[PDB]
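Here the structure comes first, spelled out in structure tokens, and everything after it is commentary.
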Amino acid sequence: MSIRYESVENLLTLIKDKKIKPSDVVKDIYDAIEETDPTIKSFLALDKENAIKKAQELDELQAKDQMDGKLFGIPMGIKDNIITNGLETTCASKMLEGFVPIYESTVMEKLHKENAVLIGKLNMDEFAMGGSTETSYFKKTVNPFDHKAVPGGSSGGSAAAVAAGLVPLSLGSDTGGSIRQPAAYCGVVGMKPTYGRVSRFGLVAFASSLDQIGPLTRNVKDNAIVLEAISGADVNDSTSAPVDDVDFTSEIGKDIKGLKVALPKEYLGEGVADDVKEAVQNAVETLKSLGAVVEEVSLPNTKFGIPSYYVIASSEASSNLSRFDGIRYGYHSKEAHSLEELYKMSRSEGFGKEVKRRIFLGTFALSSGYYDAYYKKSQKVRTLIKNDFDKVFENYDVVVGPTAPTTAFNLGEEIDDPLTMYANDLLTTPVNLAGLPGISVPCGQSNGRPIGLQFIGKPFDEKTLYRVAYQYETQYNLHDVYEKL
Amino acid sequence: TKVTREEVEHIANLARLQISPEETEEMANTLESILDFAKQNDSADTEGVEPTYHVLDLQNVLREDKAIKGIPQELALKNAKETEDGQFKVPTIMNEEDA
Amino acid sequence: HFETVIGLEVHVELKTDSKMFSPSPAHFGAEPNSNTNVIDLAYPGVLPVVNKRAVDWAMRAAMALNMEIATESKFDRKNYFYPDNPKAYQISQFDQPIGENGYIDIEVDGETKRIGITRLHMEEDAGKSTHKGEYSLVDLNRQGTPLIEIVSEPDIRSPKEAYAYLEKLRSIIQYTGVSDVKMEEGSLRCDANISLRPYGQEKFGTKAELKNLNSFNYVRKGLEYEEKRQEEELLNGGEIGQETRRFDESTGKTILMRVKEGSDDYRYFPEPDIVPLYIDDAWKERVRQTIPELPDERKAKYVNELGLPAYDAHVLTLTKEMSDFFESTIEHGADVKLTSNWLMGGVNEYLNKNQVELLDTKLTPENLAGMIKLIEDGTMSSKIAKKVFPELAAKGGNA
Ligand SMILES: [Mn+2]
Ligand SMILES: [Mn+2]
């Protein structure tokens, strides 16, 4: 539990300098989990046995002075919607409880190759649908900064585990902000790479056109490092982009004077809280004091983010989840005597209220007579939302504004209010629709609850995001606070 | 507005989701609210705008036609709750009352 | 009174090494669910990867079908729950089918009639669900096998024109070398849509989809039976309705198995997991050239040049091998007519009587060439050819 607060960068060197044995690095982690998660509750399946085994293997490699891997002996947590071979992946749903993947996802493939240590899986909303992880069929994770508050959705477990010092880095999935929002709420660094930057082979789908895996760390630097270890095209993912340059650390540490930063006026709209707004405005000032040039611009179609997002996401969801019938795997209803029942009973009994809501909406949005009026329309709106960015990027390097309209909300506050629960995706959804890369870093606190600052960049321009993200981080961050909780 | 029991049960059927009449009504409203929520897009001028199917501008991603032996039968059935003779066992009585 | 409108929805199994959207081998053994993987099993988190050859072949058969090859073509999802379709959706093509508006000429009791083939897209075959007891056994071995759907413009007008259609189609595809096209093997399946509309008015009577047509000869049986079936209905009284009917091989009658409540909702929408296709000229050429001389122009070449009759030119161009064999043995030294008469019957009748359809691994052009000359002007005549042929065919090469 000692190096439980060290960054991936330092901890990385501590191992290379043989100042610490991999096996103890793990001993610490689990020691941490054992003491903190009972209260946080961010971890699902724990892979301790295997973890210990790998570390034991690493100690040898340490002595033999053969420490290869961008994340050698680095503890890692993985969202339970990302397939891990032999490790129970449930997507935090009854439907997949006990499910043991028979193949390895591409990100885990790469991570293992970099010799990272798999400590466990993180809790999440059921099937990435949700903004507070409260929909989990197993437990409700809590915000390390305020246990009376939520971690965020859907990767709440990933943001909380990192903030709670259970792991140095973790993976999450973003479809509409499921990485950035939980990041903002827990005041940690979250990054949803450009669509196509990180393979999707091995990611239990929610919205094939919006889904994307990303890293969550306690600081901008470590976050870049991890994204280097997972980025890269893959023959198992046809949509994976053929972009070789996967170095994101190069331009970190360089100044941002002259950097053209676009501040969408709609991002400081009416749906934004007062304290959140202030925080980001002082942020804007900070970005100025650093040299960057920030001027207001308009992302008109922003207001249509959430609506179009849901229609699209839900629709696809009404297709990606249809494979869950309890035939080849997953929850198999016992009270079924006919073939129709088996489907209608396994599915209903296995999915939770929210998942079924998306499905109903989606299935409807696609059905005959409504397809054009909802799905097609939403798709056309999506085109608008991207143009907005297209135009803006014609004169600006990056875009800035809050990540979430308000600080983290109370547990059970909006759990029974899906519509307001949705409003929280106001500032995130546009990015997934545009397929651009976004990143959130903490930039304030209101009543102890952290506020998120987001940086929206051009496709495959993550290096620039890290450049401006690191600069700002130097003027503000919560590095010293996680340690105190 | 106007989301009948019928439609609600037609989608459920289209989704293979069992719903009791005591959930139907409830779902009729929820859907309606969500739909009214979805209705917002209509205030966006999309005249002559092409739908966005893919956000990434890739092209022709094909795979060379070269086979790769499949996994063992055991592996393919390892997670199936119901199996018989190396296959997935399932009901099938065709009666317009269960189907 | 009535013109009977009928169309044929035909699927063909492309014989490629691996599957359509999965590296799994397209050919499998006898062990069920042994020729699969996470993709074919629709495990969570799996994605489709398009078979390049499947496309080239798909667009090769589409061209030979006199269709317009799409420049931009993307796949879409056909959503429907069924034990042999694990993803609950079949990756296929809705708009932008790789091939559109084609045709093929056919000869029916009368003269030439050009029937149009509206489209030709690519799909993935489903698994096979065996019905044991009050339960069902599923085998995804076949699941994911590349297919191509060929819908006919509703031009064919009779149970015979249908037959003529399937044969000419089967014939042409066979020449592209993209499928064994055998119905007795499943590498060629056919469904028929039939509806009658009394002359004078535009309204139709009932419309039914015939299922379980498993042989060229069978589609005709059901078709013409159905024709008469709703022929009575239309006259006697008949209650107009959209329906689906199963054809009983034994009795020879079609059985109503369900009445459409409307138009099946498949919620078609563009597969996001597969980036769009952009078939350029260079590409269209590569596959353009890779096409031989199809049956028609191959038959017209048997008309004036090498002035052969009609019945002759039809059965010789029936298959590519047959036709190649004939032309390979023609140059060798066998007199035109000689072989023609020798192939038409004799060899054809030998193949049918011995099921030795593998016209290749048996007697050869080099071998058969001789027997022709031996009779032509060498030894005497015919009758000796009675047995010298079978022996010479099943093995050996000359004597
Ligand atoms: Mn089909
Ligand atoms: Mn059909």
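Residues are referred to by chain and number: the chain letter is A, B, ... according to the order shown in the structure tokens, the number counts from 1 in that chain, and ligands are numbered separately from 1 in the order shown.
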
Kindly determine which residues of chain B lie within 6 Å of chain A, considering only C-alpha atoms, and give the answer as a ChimeraX atom specification.
/B:16-18,38,41,49-52,55,79-80,91-92,98-99

Please find the residues contacting ligand 2 at a distance of at most 8 Å between atoms, with only C-alpha atoms and all ligand atoms counted, and report them as a PyMOL selection string.
chain C and resi 9+190-192+209+211

I need the residues from that last selection saved to file as a CSV table (one decimal), in the first residue's frame (with C-alpha atoms), if you can.
```
chain,number,residue,atom,x,y,z
C,9,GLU,CA,-34.9,-15.0,-54.8
C,190,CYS,CA,-34.1,-20.9,-54.6
C,191,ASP,CA,-37.3,-19.2,-53.3
C,192,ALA,CA,-40.2,-18.1,-55.5
C,209,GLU,CA,-43.7,-17.0,-51.0
C,211,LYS,CA,-40.4,-22.3,-49.4
```

Pick out the residues no farther than 10 Å from ligand 1, counting only C-alpha atoms and all ligand atoms, and list them as a PyMOL selection string.
chain C and resi 9-12+78+90-93+121-126+147-151

DSSP on the backbone: which residues in range 44-160 of chain C end up as helix (DSSP H, G or I)? Give the answer as an MDAnalysis selection string.
chainID C and resid 52:63 159:160

Once you have the residues from the selection above, write them out as a PDB file, in the first residue's frame, restricted to C-alpha atoms.
```pdb
ATOM      1  CA  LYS C  52     -11.563  -9.819 -50.216  1.00  0.00           C
ATOM      2  CA  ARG C  53     -11.957 -12.726 -52.631  1.00  0.00           C
ATOM      3  CA  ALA C  54     -15.614 -13.061 -51.651  1.00  0.00           C
ATOM      4  CA  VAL C  55     -16.066  -9.552 -53.039  1.00  0.00           C
ATOM      5  CA  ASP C  56     -14.021 -10.020 -56.210  1.00  0.00           C
ATOM      6  CA  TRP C  57     -15.959 -13.197 -56.977  1.00  0.00           C
ATOM      7  CA  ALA C  58     -19.229 -11.543 -55.985  1.00  0.00           C
ATOM      8  CA  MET C  59     -18.629  -8.724 -58.460  1.00  0.00           C
ATOM      9  CA  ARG C  60     -17.322 -11.170 -61.049  1.00  0.00           C
ATOM     10  CA  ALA C  61     -20.610 -13.069 -61.074  1.00  0.00           C
ATOM     11  CA  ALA C  62     -22.473  -9.755 -60.968  1.00  0.00           C
ATOM     12  CA  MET C  63     -20.814  -8.580 -64.166  1.00  0.00           C
ATOM     13  CA  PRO C 159     -43.614 -22.221 -63.943  1.00  0.00           C
ATOM     14  CA  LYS C 160     -41.519 -23.146 -66.983  1.00  0.00           C
TER      15      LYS C 160
END
```

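Distance annotation: of B:9, B:22, B:74, B:65, the residue with the minimal separation from chain C is B:65; atom set is only C-alpha atoms.
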
Please check the contacts: residues of chain B at most 9 Å away from chain C, using only C-alpha atoms, listed as number ranges by chain.
B: 14-16, 53-54, 56-77, 83-93

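The list of chain A residues within 6 Å of chain C is residues 201, 202, 203, 204, 205, 209, 322, 323, 366 and 367 of chain A; this uses only C-alpha atoms.
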
For N, CA and C atoms, I'd like the residues from the last selection saved as a compact mmCIF listing (two decimals), in the first residue's frame.
```
# COMPACT_ATOMS: atom_id res chain seq x y z
N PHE A 201 -11.72 -4.61 -31.08
CA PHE A 201 -11.84 -6.06 -31.04
C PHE A 201 -11.62 -6.52 -29.62
N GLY A 202 -12.69 -6.94 -28.96
CA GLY A 202 -12.58 -7.40 -27.60
C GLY A 202 -13.37 -6.50 -26.68
N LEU A 203 -14.01 -5.50 -27.27
CA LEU A 203 -14.83 -4.58 -26.50
C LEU A 203 -16.30 -4.92 -26.69
N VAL A 204 -16.96 -5.34 -25.62
CA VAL A 204 -18.37 -5.67 -25.72
C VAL A 204 -19.07 -4.40 -26.17
N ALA A 205 -19.60 -4.45 -27.39
CA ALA A 205 -20.26 -3.32 -28.03
C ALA A 205 -21.50 -2.75 -27.36
N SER A 209 -20.39 2.68 -33.55
CA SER A 209 -19.84 3.88 -34.18
C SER A 209 -19.35 4.93 -33.18
N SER A 322 -28.60 -7.74 -29.17
CA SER A 322 -29.48 -8.81 -29.63
C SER A 322 -28.82 -10.18 -29.64
N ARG A 323 -27.49 -10.23 -29.58
CA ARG A 323 -26.81 -11.51 -29.60
C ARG A 323 -26.93 -12.22 -28.26
N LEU A 366 -35.57 2.45 -35.11
CA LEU A 366 -35.24 1.77 -36.36
C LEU A 366 -36.45 1.17 -37.06
N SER A 367 -37.40 0.67 -36.28
CA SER A 367 -38.60 0.05 -36.82
C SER A 367 -39.23 0.81 -37.98
```

Backbone DSSP call of strand (DSSP E) for range 47-81 of chain C, listed as a PyMOL selection string:
chain C and resi 68-69+72-73+76-79

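All residues of protein, DNA or RNA that reach within 10 Å of residue 29 in chain B, judged by only C-alpha atoms and not counting those fewer than 6 positions away in the chain, are residues 1, 2, 3, 4, 5, 8 and 35 of chain B.
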